[PDB]
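# Fold and geometry: a report
Each chain, written out:
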Amino acid sequence: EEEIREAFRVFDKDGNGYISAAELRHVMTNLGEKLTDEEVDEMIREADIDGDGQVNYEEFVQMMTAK
Ligand SMILES: [Ca+2]
Ligand SMILES: [Ca+2]
C-alpha cells in the first residue's frame, strides 16, 4: 500500500535504497513517536534481521511484518 510503501518512499528521503538508523528515527517521527539516538541504535537491531550492519527495505518489511 502507499501507507507503508509510499510513506517509505518519503522515509527514504534520498531514495538511496538503504535505510539508516537515523532514517528509522525519521520514520519514527512520521509515526509520531520519536525515539532517541540510543533507541535508534536499537532500531539497527530490530530492523537489522539479515545482519549486515545496515537497515534495508527488505528488513523494513521484516521488522514490521516479521514472521
Ligand atoms: Ca536513506
Ligand atoms: Ca540489513
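Further up the page is the structure itself.
Residues numbered from 1 in each chain as written, not as in the entry; some residues may be left out. Chains lettered and ligands numbered in written order. Heavy atoms only, no water.

### What about the side chain of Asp 12?
Using the following cut-off: Secondary structure elements follow DSSP: runs of H or I of four or more residues count as helices, runs of E of two or more count as strands, with numbering from the N terminus. For the exposure calls, accessible area comes from a 1.4 Å probe over protein chains only, and a residue counts as buried if that area is under 20% of its type's maximum, exposed if over 50%, partly exposed in between. Positive charges come from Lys and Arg, negative ones from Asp and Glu, while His and the chain ends are left out of the count. Salt bridges are identified by distance alone: a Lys or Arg side-chain nitrogen within 4 Å of an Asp or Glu carboxyl oxygen. Only heavy atoms matter for contacts: two residues are in contact if any of them lie within 4.5 Å across the pair.
Within the secondary structure layout, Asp 12 lies in the loop between α1 (2-11) and β1 (18-19). No salt bridge is formed by the buried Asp 12; the nearest opposite charge belongs to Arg 9, separated by 9.2 Å. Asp 12 has contacts with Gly 17, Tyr 18, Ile 19 and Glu 23, leaving out every residue within four places of it along the chain.

### Comments concerning the coordination of the calcium ion (ligand 1)
Our working rule: Each metal site is built from N, O and S donor atoms within 2.8 Å (3.2 Å for Na, K and Ca), and since water is not included, such sites may look incomplete.
At 2.5 to 2.8 Å from the calcium ion (ligand 1) lie its protein donor atoms, namely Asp 12 (OD), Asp 14 (OD), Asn 16 (OD1), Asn 16 (ND2), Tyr 18 (O), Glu 23 (OE) and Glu 23 (OE). Counting along the primary sequence, the residues that act as donors to the calcium ion (ligand 1) give the motif D-x1-D-x1-N-x1-Y-x4-E. Judged by relative accessible area, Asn 16 falls into the partly exposed class, the value being 36%.

### A word on the nonpolar core
Condition: Here the nonpolar core consists of buried residues drawn from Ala, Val, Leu, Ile, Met, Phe, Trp, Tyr and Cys, with membership extended through side-chain atoms lying within 4.5 Å.
Of all hydrophobic cores here, the largest spans 14 residues; its most connected members are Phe 11, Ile 19, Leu 24, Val 27 and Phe 60. Residue assignment for this core shows that the elements contributing at least two residues are α1, α2 (21-30), α3 (37-47) and α4 (57-64). The element that contributes the greatest number of residues to this core is α2, accounting for four residues. Sequence-distant contacts of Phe 60, that is, excluding residues within four places in its chain, are made with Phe 8, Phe 11, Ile 19, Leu 24 and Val 27.

### Topic: α2
Test applied: The arc in question is formed by the directions pointing from the helix axis toward the C-beta atoms.
Buried within α2 are the following residues: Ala 21, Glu 23, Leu 24, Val 27 and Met 28. Along the axis of α2, the buried positions cluster into a sector of 160°, meaning they face one direction only. Packing partners of the buried residues in α2 comprise α1, β1, α3, β2 (55-56) and α4. Count one or two residues on from α2 and you reach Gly 32, which has phi positive near 100°.

### Remarks on the coordination of the calcium ion (ligand 2)
In this structure, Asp 48 (OD), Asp 50 (OD), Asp 50 (OD), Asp 52 (OD), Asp 52 (OD), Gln 54 (O), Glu 59 (OE) and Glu 59 (OE) serve as the protein donors to the calcium ion (ligand 2), at separations of 2.5 to 2.9 Å. Classification of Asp 50 as partly exposed rests on a relative accessible area of 42%.

### Some details on the packing of α2 against α3
So the rule is basically this: Only C-alpha atoms enter the line fits that serve as axes; for helices the fit covers just the stretch in contact. Angles between N-to-C directions range over 0 to 180 degrees. Each angle gets one of four labels, with under 35 degrees taken as roughly parallel, over 145 as roughly antiparallel, 65 to 115 as roughly perpendicular, and the rest as oblique. Basically, the charged four are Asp, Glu, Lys and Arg, the nonpolar ten are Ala, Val, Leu, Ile, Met, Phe, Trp, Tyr, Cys and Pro, and anything else, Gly included, counts as polar.
The interhelical angle for the contact between α2 and α3, taken along N-to-C directions, is 100°, at an axis separation of 8 Å. Between α2 and α3, the angle falls in the class roughly perpendicular. Contacts from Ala 21, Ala 22, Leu 24, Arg 25 and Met 28 in α2 reach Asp 37, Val 40, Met 43, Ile 44 and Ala 47 in α3. Residue classes in the contact of α2 with α3 are distributed as eight nonpolar, no polar and two charged.

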